[PDB]
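The primary structure of each chain is shown beneath.
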Number of protein chains: 6
Amino acid sequence: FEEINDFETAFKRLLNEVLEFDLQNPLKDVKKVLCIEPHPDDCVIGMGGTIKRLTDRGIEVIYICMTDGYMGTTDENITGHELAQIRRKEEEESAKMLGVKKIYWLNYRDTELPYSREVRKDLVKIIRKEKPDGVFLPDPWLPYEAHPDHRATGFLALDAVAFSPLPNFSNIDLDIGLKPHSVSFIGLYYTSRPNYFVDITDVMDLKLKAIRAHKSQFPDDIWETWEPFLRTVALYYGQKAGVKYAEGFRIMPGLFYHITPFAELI
Amino acid sequence: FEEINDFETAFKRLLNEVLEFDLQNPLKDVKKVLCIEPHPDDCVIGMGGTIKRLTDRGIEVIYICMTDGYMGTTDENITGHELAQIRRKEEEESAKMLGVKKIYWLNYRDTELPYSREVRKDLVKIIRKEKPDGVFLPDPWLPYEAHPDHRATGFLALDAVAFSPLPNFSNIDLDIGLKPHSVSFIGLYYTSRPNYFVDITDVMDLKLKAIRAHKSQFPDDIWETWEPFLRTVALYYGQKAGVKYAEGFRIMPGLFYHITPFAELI
Amino acid sequence: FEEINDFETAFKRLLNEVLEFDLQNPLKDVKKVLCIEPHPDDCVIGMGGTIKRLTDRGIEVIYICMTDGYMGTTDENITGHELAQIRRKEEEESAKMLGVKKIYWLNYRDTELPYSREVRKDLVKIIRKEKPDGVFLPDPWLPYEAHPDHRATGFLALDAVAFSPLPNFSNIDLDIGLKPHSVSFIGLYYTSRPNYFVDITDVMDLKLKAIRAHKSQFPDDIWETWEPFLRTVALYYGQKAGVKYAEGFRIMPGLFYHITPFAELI
Amino acid sequence: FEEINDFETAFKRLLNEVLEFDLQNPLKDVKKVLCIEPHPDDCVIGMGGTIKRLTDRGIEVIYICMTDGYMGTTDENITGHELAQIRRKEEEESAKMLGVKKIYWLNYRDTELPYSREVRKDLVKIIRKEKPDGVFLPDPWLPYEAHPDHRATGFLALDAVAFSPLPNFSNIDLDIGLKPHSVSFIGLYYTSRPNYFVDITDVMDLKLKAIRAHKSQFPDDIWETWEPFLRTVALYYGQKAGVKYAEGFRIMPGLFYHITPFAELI
Amino acid sequence: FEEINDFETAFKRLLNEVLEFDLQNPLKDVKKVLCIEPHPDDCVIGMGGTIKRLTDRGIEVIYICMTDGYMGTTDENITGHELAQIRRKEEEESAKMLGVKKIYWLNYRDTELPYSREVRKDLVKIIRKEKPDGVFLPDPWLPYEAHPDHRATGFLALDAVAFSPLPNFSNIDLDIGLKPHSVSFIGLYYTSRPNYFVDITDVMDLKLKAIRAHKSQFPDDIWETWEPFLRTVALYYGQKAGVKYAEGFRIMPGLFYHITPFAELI
Amino acid sequence: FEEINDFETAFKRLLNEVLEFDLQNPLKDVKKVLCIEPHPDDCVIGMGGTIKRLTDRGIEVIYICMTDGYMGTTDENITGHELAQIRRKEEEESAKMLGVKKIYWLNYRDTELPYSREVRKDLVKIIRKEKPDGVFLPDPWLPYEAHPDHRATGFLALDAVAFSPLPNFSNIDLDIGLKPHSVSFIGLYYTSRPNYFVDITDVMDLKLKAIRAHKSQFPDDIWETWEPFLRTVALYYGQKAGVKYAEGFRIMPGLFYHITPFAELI
Ligand SMILES: [Cl-]
Ligand SMILES: [Cl-]
Ligand SMILES: [Cl-]
Ligand SMILES: [Cl-]
Ligand SMILES: [Zn+2]
Ligand SMILES: [Zn+2]
Ligand SMILES: [Zn+2]
Ligand SMILES: [Zn+2]
Ligand SMILES: [Zn+2]
Ligand SMILES: [Zn+2]
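1. Regarding the overall build of chain A
Then step 1. On a plain count of helices and strands, chain A comes out with 8 helices and 7 strands.
Then step 2. Against the 2.2 N^0.38 benchmark of 18 Å for 266 residues, chain A shows a C-alpha radius of gyration of 19 Å, consistent with a compact globule.
Then step 3. Structurally, chain A occupies a C-alpha span of about 70 × 50 × 35 Å along its principal axes.
Then step 4. Within chain A, buried positions represent 68% of all 266 residues.
Then step 5. Averaging the coordinates of the 33 positive side-chain charges in chain A and doing the same for the 42 negative ones gives two points 5 Å apart.

Below, the structure is given as structure tokens:
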């Protein structure tokens, strides 16, 4: 590689020959994935269509939900305890409509999710137990994301995936018979720099039915705003992918999440 | 909205019809605003002109100052306790010169402002009490902002505004008779992605006199650097707005601060 | 400066006359610098070539390593305690090969570096003791940096530099006879927005030998991936600087790290 | 007082003349008290009889409950969210049976109550709003108390009472129009060093009915153990007070909670 | 129990009939116990003899060590990383000499053991996996215990035992197939209020050989002080039990660790 | 020591021969001591008399004050910043009246002193710099001490003394040329289990003048209560020592602060 005198060549060779990074079929071998959502309803809102598509193709999809959704209401007659119970039933209904069979609830309180070692260990435990091929998580670099649970979940999910294979990390996991694990695939959903698209034209009406199942979050008057907003998001991704309705994801080789100044160039 | 096949149309309709988002007069009905500053002098440096303009138009402007300014000196003869006392008198003088009548001091120590639930609750209490129509806060995504108190204040102010209307958030506030509150208007000051401008050509000399009132922060020799820097900032904003001297703000609909991949497009 | 009617003029004058900012020879008077690395091997990987060039020019280079490298292995036979010992010897060998004489080990555990006042005070102590002219640190705004130790180190280094000269900050340092200190020079390594380059075509094979000295981190099979990745990075910086192999740095005047909306413009 | 040469005399004079400390009728003027409980059911279990006696005498009793009781079950079919909802209804029933009209729920999670400034501020807010004459709280020095929520509540309640009257403590409370407040009376319940007793012979069957109202906590099989345990506690206090069934409290002058080496002598 | 009019009767019946509390053989059915030690060497120093006695009787003894022993040296030539490696080998040798076959290392750093939910979860995981009949832990109420790791370990071990059987506590443990678990037996070692004794006259020379195996901690000159100190401790316990050399333990019914004012009476 | 068959003998030998523990003159070689106080005025109130006696005997006494005294007023007209300034001047006057030359201010805020590694390191730095022979600190086991700053200071002081001599603890101190340090002498003031007394009948009126110097803390009406309280405390210690007025201290050999079940027996 000392032979090479020009960046684009080196870059092309690094990606294509050295890393063998494929953006055309990057879910080739994947049989099990984790979707990590900050609140009940985030998996379905950000990639509900893709989830349905994967379950139909007989890929096993497992949700990890970081919080209980305790705060998500303006109704003074509903306690956070009542609302958590409700949003558990709602995500159970929603997850059944897409093919999703298992949900792990971390049960950190909505608005109170720590960026801490503790939460890294909670995720690394599940990854080591379920040995998934791929993990989906919200992009922590989404510009203007003011929800701290969202930002946190992103960094934690990356940290967890990064540390799952390190046997000195959360070592009691090994001592009780969980083996360390490398994930093959990482995809960021809720991203503004997607580089992989999935047509959801055919499943858009199911996706919206699975979102609406979260009745607590979507009364008629809120739905007036959110059905348009969601169709607009699907068109934004759609236009880039040459279809009506798409879901955007950012997929990179693991190496590019660390000390890569040209990471923004894929 | 199923009717729509292209993004730009959907985008235009979302902004114009669904959200009714106005960049021509977004302060229409605003009678009271909060300006949140990390240190004494930040409201005046970032939007002192706009504050004067608002008070002249008979709009009530209330400062929330996050810290005491304990660290802001190189003089070995001044203790942090002395400096805090001084910077309280300075901001009191400065605030009088602009039309500003109330300041809340959180009194967290300069350089030690936590990114915590506690501080969210301190802000949400004031918002519920003062029921402001609009809130101004420093842009936390300002590139190359190395002051941790600045970054923190931005995220906290957004969190506070987002959570003020949720009755299960800091619920003791309700139990002692503070009602939940929605803010109509959010504006980010100290931003590099402004999309709303205020002419301060006419109030620039008052703005500089109100900055200079912070004598502790601005001895003659420091002022040699800072009067130029401030004129340059006002020109940068000015050029974009077609005037000599402007203050820039980023204003978006509340919806766009959460899971909006096209947020950077306004 | 009231005279000026256009931004670009004011900008040019602010940079050239007021701030005297020089990008052609910014290491004029620099005799002593600190290189702050999150892990053992980060100084060598991010600016090993530049460090050699500085040593040869008789500039004193001191490493501060934030963590012990406890987690950096997939081998189930190596404890984090064994690995820390090993990576100490490796960085000692690597530091010998470049001209580096002194290493401070903070010994926070890999993956567990706090963003806290405590760690700010640990750095400020070293800066006040060594009174360095310049500090190098990894760019905390590097896009897609998922390693929390990296993000943390960047913000802490800037905080430390900013607070070293404040006598009310960590005041016990003064009480035991460490004087406050201003550093002249700040340079961000591992950056995607570099604006200063150093030719390392001549030292590239030494740099790779000094990286390979970290045997724990770079077995044959991993080096198949990392020798290409590093040549590609050096070309990326190289293309921008018009040479084969360069190391990129971002250098700005201290003022631009605070409330500067045109900071992105240098 | 320089006249005095013997401790017992000075001690007697300090208590009787200087402090005017009365153990015979120490609730003389009290019209409003707060009972602070770590979990739902702690007020009723530790002093349910005394509460009834006070409400019958037309004294206003307000509960502050620190936690939600999320963890208090071995039943794998009940979520912490369900159980919190349930224990809210149970304490509402229980509190109605005794004369208690108002409950504030802090809603910190069972087993997760922090010993933090935040929680001190939550209590000081309620004290300043309700201006109670007296506060009851569990004795933090109860030997062999392994429940961390119990230990925590005790220290926090004392801290809160101590800091309620300090206008520089949680100063935003004052800024929104809560005046500082001194409590006249402090009583520790769940104590092993009681020095004031209340006959509950006449209300013991109501106390047990109000405990049993917490059905979640007291199934038939658990009640086999807890009816005896509670009768035994009431006899232990009873024997000391010369009655069948009593509730023990430790009452001291505020001064004795700080730097008093003979505090254990009342 | 309404029948009873005097405490001593009720107390006797509570202990003997209701709780069936046995101080003659409280290890009756115990096949597996956990010994929790703050540092390498604490299990052997506090109850090494008892451990030997248990392994000879074919009872399975598992150590949980909370910290790595990083700080335990005055030798400036030994890093904390070197010392941890050493103290791992030492406790492995020591544990072999007593019958002990499993050690779990939490690897929190010596002097830095947090009193946190995280550490509770680490212990509860091991308890649920190993389903021990009994747990030994240092008495957190030991007067004049200044080592914060000691105090912490005590409270944490009690918390862990208390919370192991609650399915809503660390619920991910259940989701990955660890069942909740109740411990039958709790014994506090390093206690000044022991109420159960074990003769170690016959195993005292093995106990001292197993202590001495921690060479790092016990050079000749330190052993001059510690062999006497240990013989003195064994006599103190011995005198109370009517033997030369004993190890003291405090054993109570689980009920007495919560809201029991007469707990100090057994 | 195998020879010995009885505890009291072993105990006597351990104390007298092995540990050489002297309660008759335990300040033999002491030339320099630290007095650690949680608030300004705690050294003077707890051992002001003893301090004068030590100064007169030409022993160097250095105050470490943990907090700034920010909260200590009921006056709504005084800010915590004003009060800290004032209490600095007051402790400077008070310290002059006794022979005290040097005060280190940690400047943690009153009511907000952390029990953290950070604060341990702040104390260990001062101890290593001043190499004192002895340290005085408030007894953290003082029954009914409700002030969290007091409890915290005690544990921190002991931790600091324990860890000062460990070169792997706060190792950057060594890297900047502070040597590790063992203190010879530890004495607990504000204790209810004193075992060493100092006659202060001769200095009692100076002690009261040095307390009264803290005017902020002691207006006429408060002094009506505090002059009696202090005379009573001095008599309590006095009676035990067979004098009118004494100051009590608890002194033990360093070994007894760790795993010593008979520590209560001296
Ligand atoms: Cl662990
Ligand atoms: Cl497709
Ligand atoms: Cl506050
Ligand atoms: Cl009565
Ligand atoms: Zn969400
Ligand atoms: Zn600022
Ligand atoms: Zn690194
Ligand atoms: Zn309870
Ligand atoms: Zn230990
Ligand atoms: Zn005090």
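2. Thoughts on the interface of chain A and chain C
Then step 1. With 42 residues of chain A at the contact, the number on the chain C side is 40 residues.
Then step 2. Both sides of the chain A and chain C interface together cover about 3600 Å² of buried area, and 65% of this is carbon and sulfur.
Then step 3. Counting across the interface, chain A meets chain C through 2 salt bridges.
Then step 4. Here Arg231 of chain C and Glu2 of chain A are joined by a salt bridge, their closest N and O atoms 3.7 Å apart.
Then step 5. Counting residues per element, the ones that place at least two in the side of chain A that touches chain C are α1 (7–18), α4 (117–130) and α5 (148–163) of chain A.
Then step 6. Considering every element that reaches the side of chain A that touches chain C, the biggest residue donor is α1 of chain A, with 6 residues.

3. A look at helix α7 (residues 204–212) of chain C
Residues and elements named next belong to chain C.
Then step 1. Burial in α7 covers these residues: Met204, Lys207, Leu208, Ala210 and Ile211. When α7 is viewed along its axis, its buried side chains cluster within an angular range of 160° and face the same direction.
Then step 2. Buried residues belonging to α7 abut α2 (42–56), α3 (80–97), α8 (220–241) and β7 (246–249).

4. What about the pattern of salt bridges?
Then step 1. Throughout the structure, instances matching the rule amount to 112 salt bridges over all chains.
Then step 2. Measuring nitrogen to oxygen at the nearest pair gives 3.3 Å for the salt bridge that ties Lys89 of chain A to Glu92 of chain A. Residue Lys89 of chain A and its partner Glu92 of chain A are both found in helix α3 (residues 80–97); the two are separated by 3 residues, about one turn of the helix.
Then step 3. It is possible to trace a salt-bridge network through shared partners that takes in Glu112 of chain A, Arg117 and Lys121 of chain B together with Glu118 and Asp122 of chain D.

5. Some thoughts on the coordination of the zinc ion (ligand 6)
Residue and element names in this part refer to chain B.
Then step 1. Bound to the zinc ion (ligand 6) on the protein side are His39 (ND1), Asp42 (OD) and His150 (NE2), at distances that span 2.0 to 2.4 Å.
Then step 2. The buried category is assigned to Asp42, whose relative accessible area is 1%.
Then step 3. Its relative accessible area of 3% is what places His150 among the buried residues.

6. Digging into the UniProt feature "binding site: Zn(2+) 3" (unreviewed entry) in chain A
All names here are of chain A.
Then step 1. Per the UniProt annotation, the sites labelled "binding site: Zn(2+) 3" (unreviewed entry) are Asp220.
Then step 2. Along the chain, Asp220 turns up in helix α8 (residues 220–241).
Then step 3. Overall, the relative accessible area of 59% leaves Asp220 in the exposed class.
Then step 4. In this structure the side chain of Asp220 is engaged in a polar contact, spanning 3.1 Å, whose partner is the side chain of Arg212.

7. A look at the interface of chain D and chain E
Then step 1. Listed as interface residues are 38 residues of chain D and, on the opposing side, 42 residues of chain E.
Then step 2. Area buried by chain D at its contact with chain E is led by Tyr144, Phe229 and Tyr236 of chain D, which between them contribute 23% of it.
Then step 3. Here chain D and chain E share 2 salt bridges between them.
Then step 4. In this structure, the connection of chain D to chain E is made through 11 residue pairs in polar contact.

8. Thoughts on the nonpolar core
Then step 1. Counting 573 residues, the largest nonpolar core has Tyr63 of chain B, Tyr63 of chain C, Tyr63 of chain E together with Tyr63 of chain F as the members making the most contacts within it.
Then step 2. The contact partners of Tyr63 of chain C, leaving out residues within four places of it in the chain, are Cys35, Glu37, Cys43, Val44, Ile51, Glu91, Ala95, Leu98, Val100, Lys102, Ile103 and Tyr104 of chain C.

9. Focus on the pairing of strand β1 (residues 32–37) of chain A
All names here are of chain A.
Then step 1. A large share of β1 lies buried, amounting to 6 of its 6 residues.
Then step 2. Burial of β1 is two-sided: the residues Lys32, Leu34 and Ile36 facing one way and the residues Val33, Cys35 and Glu37 facing the other way are all buried.
Then step 3. Where β1 lies against strand β2 (residues 60–67), 6 bridges are found, and the strand directions are parallel. Within the sheet, the bridge partner assigned to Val33 lies in β2 and is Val61.

10. Some thoughts on the relation of the copies chain A and chain C
The operation linking the two copies of the chain is a rotation about an axis combined with a translation along the axis.
Then step 1. With an RMSD of 0.2 Å, the fit of chain A onto chain C corresponds to turning through 120° and sliding 0.1 Å along the axis. Interpreted geometrically, this transformation is the action of a three-fold axis.

11. So, the sheet that holds strand β4 (residues 134–138) of chain E
All names here are of chain E.
Then step 1. Across the sheet, 5 strands lie side by side as β3-β2-β1-β4-β5; this open sheet has parallel pairing. Only two strands of the sheet have a single neighbouring strand rather than two, namely β3 (102–108) and β5 (185–189). Taken pair by pair, the neighbouring strands of this sheet meet at an average axis angle of 15°, ignoring direction.
Then step 2. Bridge count for β4 against β5 is 5 bridges, and the pairing is parallel. Bridge pairing in β5 places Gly134 opposite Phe185.

12. Considering the packing of aromatic side chains
Then step 1. One pass over the structure, following the stated rule, counts 108 aromatic pairs over all chains.
Then step 2. With centroids separated by 5.5 Å and ring planes inclined at 85°, the aromatic side chains of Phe11 of chain F and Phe262 of chain F adopt a geometry described as edge-to-face. Of this pair, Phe11 of chain F sits in helix α1 (residues 7–18) while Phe262 of chain F sits in the segment after β7 (246–249); the two residues are 251 residues apart in sequence, bridging distant segments of the chain.
Then step 3. An aromatic cluster is built from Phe7, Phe11, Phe256 and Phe262 of chain A together with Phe218, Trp223, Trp226, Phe229, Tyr236 and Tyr237 of chain C, whose rings are joined through pairwise contacts.
Then step 4. The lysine or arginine in question, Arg120 of chain D, covers the ring of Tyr115 of chain D, its NZ or CZ lying 4.9 Å from the ring centre.
Then step 5. A cation sits over an aromatic face here: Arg109 of chain E above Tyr70 of chain E, 4.1 Å from the ring centre.

13. Quick notes on the arrangement of the chains
Then step 1. Across all C-alpha pairs, the smallest distance from chain C to chain D is 17 Å, and the two are not in contact.
Then step 2. With no contact between them, chain A and chain F keep their nearest C-alpha atoms 17 Å apart.

14. Some remarks on the UniProt feature "binding site: Zn(2+) 2" (unreviewed entry) in chain A
Residues and elements named next belong to chain A.
Then step 1. With numbering matched to this structure, UniProt assigns "binding site: Zn(2+) 2" (unreviewed entry) to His181.
Then step 2. Secondary-structure assignment places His181 in the loop between α6 (172–175) and β5 (185–189).
Then step 3. By relative accessible area, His181 is classed as buried at 14%.
Then step 4. Other than its neighbours up to four places away in sequence, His181 contacts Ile127, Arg128, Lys131, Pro132, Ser164 and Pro165.
Then step 5. Among the polar contacts listed, one links the side chain of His181 to the backbone oxygen of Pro132, at a separation of 2.8 Å.

15. Describing the side chain of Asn107 of chain C
Then step 1. On the secondary structure map, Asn107 of chain C appears in strand β3 (residues 102–108).
Then step 2. Looking at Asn107 of chain C, its side chain comes within polar contact range of the side chain of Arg88 of chain C, at 3.1 Å.
Then step 3. Among the polar contacts made by the side chain of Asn107 of chain C, one reaches the main-chain carbonyl oxygen of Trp105 of chain C at a distance of 3.4 Å.
Then step 4. In this structure, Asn107 of chain C is in contact with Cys65, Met66, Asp68 and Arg88 of chain C, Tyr70, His81 and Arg109 of chain E together with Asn171 of chain F, ignoring residues within four places of it in sequence.

16. As for the state of the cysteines
All names here are of chain D.
Then step 1. Going through the model one piece at a time under the given rule, you end up with 0 disulfides over all chains.
Then step 2. With no disulfide of its own, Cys65 lies 7.7 Å from the sulfur of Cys43, the closest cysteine sulfur.
Then step 3. Under the relative-accessibility criterion, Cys65 is labelled buried at 0%.

17. Concerning the environment of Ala10 of chain F
Then step 1. Here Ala10 of chain F shows up in helix α1.
Then step 2. Setting aside its immediate chain neighbours within four residues, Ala10 of chain F contacts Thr232 and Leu235 of chain E together with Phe1 and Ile4 of chain F.

18. Observations regarding the sheet that holds strand β5 (residues 185–189) of chain B
Residues and elements named next belong to chain B.
Then step 1. Reading across from one edge, β3-β2-β1-β4-β5 is the order of the 5 strands in this open sheet, with parallel pairing throughout. A single partner strand is all that each edge strand has here, and the edge strands are β3 (102–108) and β5. Averaged over neighbouring strand pairs, the angle between their axes works out to 15° when direction is ignored.
Then step 2. Helix-sheet contacts for helix α4 (residues 117–130) involve β1 (32–37), β2 (60–67) and β3, and the interaxial angle to β3 is about 165°.

19. Re the pairing of strand β6 (residues 196–199) of chain B
Residues and elements named next belong to chain B.
Then step 1. Here β6 shows one buried face, formed by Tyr196 and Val198, and one open face, formed by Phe197 and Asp199.
Then step 2. Pairing of β6 with strand β7 (residues 246–249), which is carried by 4 bridges, proceeds in the antiparallel orientation. Within the sheet, the bridge partner assigned to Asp199 lies in β7 and is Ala246.

20. Concerning unusual backbone geometry
Then step 1. Phi is positive for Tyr144 of chain E, which is not a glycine, with a value near 65°.
Then step 2. Tracing the sequence through the fold places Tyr144 of chain E in the loop between β4 and α5 (148–163).
Then step 3. One non-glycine residue, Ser170 of chain F, adopts positive backbone phi at about 55°.
Then step 4. If you trace the backbone, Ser170 of chain F turns up in the loop between α5 (148–163) and α6 (172–175).

Basis of the calculations
- Residues numbered from 1 in each chain as written, not as in the entry; some residues may be left out.
- Chains lettered and ligands numbered in written order.
- Heavy atoms only, no water.
- Helix = DSSP H or I, 4+ residues; strand = E, 2+ residues; numbered from the N terminus.
- Rg over C-alpha atoms; globule rule 2.2 N^0.38 Å.
- Buried < 20%, exposed > 50% of the residue type's maximum accessible area, 1.4 Å probe, protein only.
- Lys, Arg positive; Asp, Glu negative; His and termini not counted.
- Charge placed at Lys NZ, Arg CZ, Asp CG, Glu CD.
- Contact = heavy atoms within 4.5 Å.
- Buried area = accessible area lost by both parts, 1.4 Å probe.
- Salt bridge = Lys/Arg side-chain N within 4 Å of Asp/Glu carboxyl O.
- Arc of directions from axis to C-beta.
- Donors = N, O, S within 2.8 Å, 3.2 Å for Na, K, Ca; no water.
- UniProt positions renumbered as here; feature names shortened; annotations may be inferred.
- Polar contact = N/O pair within 3.5 Å; in protein donor to acceptor, adjacent residues only side chain to side chain.
- Core = buried A, V, L, I, M, F, W, Y, C linked by side-chain atoms within 4.5 Å.
- Pairing = 2+ DSSP bridges.
- Least-squares fit on C-alpha atoms.
- Axes fitted to C-alpha atoms, helices over the stretch in contact; angles between N-to-C directions.
- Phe/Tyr/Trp six-rings, centres within 6.5 Å; stacked < 30°, edge-to-face > 60°.
- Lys NZ or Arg CZ within 6 Å of the ring centre and 35° of its normal.
- Disulfide = S-S within 2.5 Å.

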